[PDB]
């Protein structure tokens, strides 16, 4: 039998440096995890031990820390090249800076193939981008070859900034002819590597004939066989076995996010490329694995420009930015309005004639606003200032919530009002009125929301059965601050851009800001 070791990462999201256990800034180095220097050590060890190894990335290296803000993907090409990745699939966040911000730096500087079989281009863009990403690549491994076929979320236009040329086709529709073509070319071992989420990965494994293994991403899915090694709770076994329409057992793998784990799957193939067995588990990249000294020194050199950038003026405020708890946990505060306005601006995506924008609404836990910003330093705002306001390393995510769920969230926002607790919500595109003399659970007396399916945005009463798109912190989408109804009742959840980066980009665009308290939240 011919044995292949697949090493894989996904949704690394700019975690070039080692992180804390929750993937935020590393504080106590002796307990930090991940980072490319530590990944290098582990990949190198495995490559000494196993003859046939592929190192694959399932997309979403772009977006997540100041590394991406400053280097804009050059850091991804550089450090993925240093790790000698064998292939990468395009994720949604690879389009965050447009097709131009993908072509340069990433596609032109990567030394490995970058893959997606379900993205097509038209017009001059088609000639400009031709061959810079590929539907698949056939790679030599030892004396054999392995075909790797890529895919990218069909929902990317709602989750990034790909522009209006590119078309994202249905994954299974695009993948099947490519896999059948590879069979006709005597390629009998085929990995589907792509960025659509665990649920789509399972459908691909079931329905795309000829796929031997699916290596996925997007949903930050943690899979494990046995007692998990850290705090992440598995969604299923590793690999997750799908029975294909033609009776084969097809392993599906993912490796959480943020570079905390290295996926590791061993597959045994027979001479005809049939899978005999598959087993493995993600490896927790904890501090027992040393950071490679040379990669670490390179990381530290690249960090200089990040430190320099962090104190540069992004823009100016002419108003005090009130991010105090005494305001933001008790009433509408202008820092909350600013952040929610930045959240909505970040989520402006190309729209049909059916909506002015696909999302208009924002909620933000006031306890997640951690500092004011004083305007008396010549109005200057720096990244360092914003990192004091938003220190948790979160993202501003997109969810779909029924109106009934959102109303329950606003009741939860004030269910124990008066104690300076974090669940009090700041808002955008929502006007709420509370009557605190009513019983907890019945304190929301008016709740109006900004329309999306309208050419002139205006407010209408919230409807209990209607499903609304809302931008909110990952922390809330995951049920933080007691918002269990959000986690349990949401209909869709996609991870968005880094919290600081969302606000920094908006301030830079606006140049001079003056957010007011304007009646988004009132008390009767």
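Positions refer to the first chain, counted from 1.
- Between the stretches 99 to 107 and 397 to 405, it is 99 to 107 that shows the larger average CA temperature factor.
- As recorded in the PDB entry, 27 to 35 is the stretch of 463 to 471 and 27 to 35 with the greater mean C-alpha temperature factor.
- In the PDB entry, the Cα temperature factor peaks, among 260, 218, 93, 443, at 443.
- Based on the entry's C-alpha B-factors, the most elevated value among 84, 279, 331, 431 belongs to 279.
- Annotation for residue 323: CA B-factor lies in the lowest third of the chain's modelled residues.
- When all modelled residues of the chain are sorted by CA temperature factor, residue 199 is found within the middle third.
- Sorting the modelled residues of the chain by their CA temperature factor places residue 231 in the highest third.
- In this PDB entry, the Cα temperature factor of residue 508 sits in the top third of its chain's modelled residues, the highest group.
- Ranked by Cα temperature factor within the chain, residue 456 sits in the middle third according to the deposited record.
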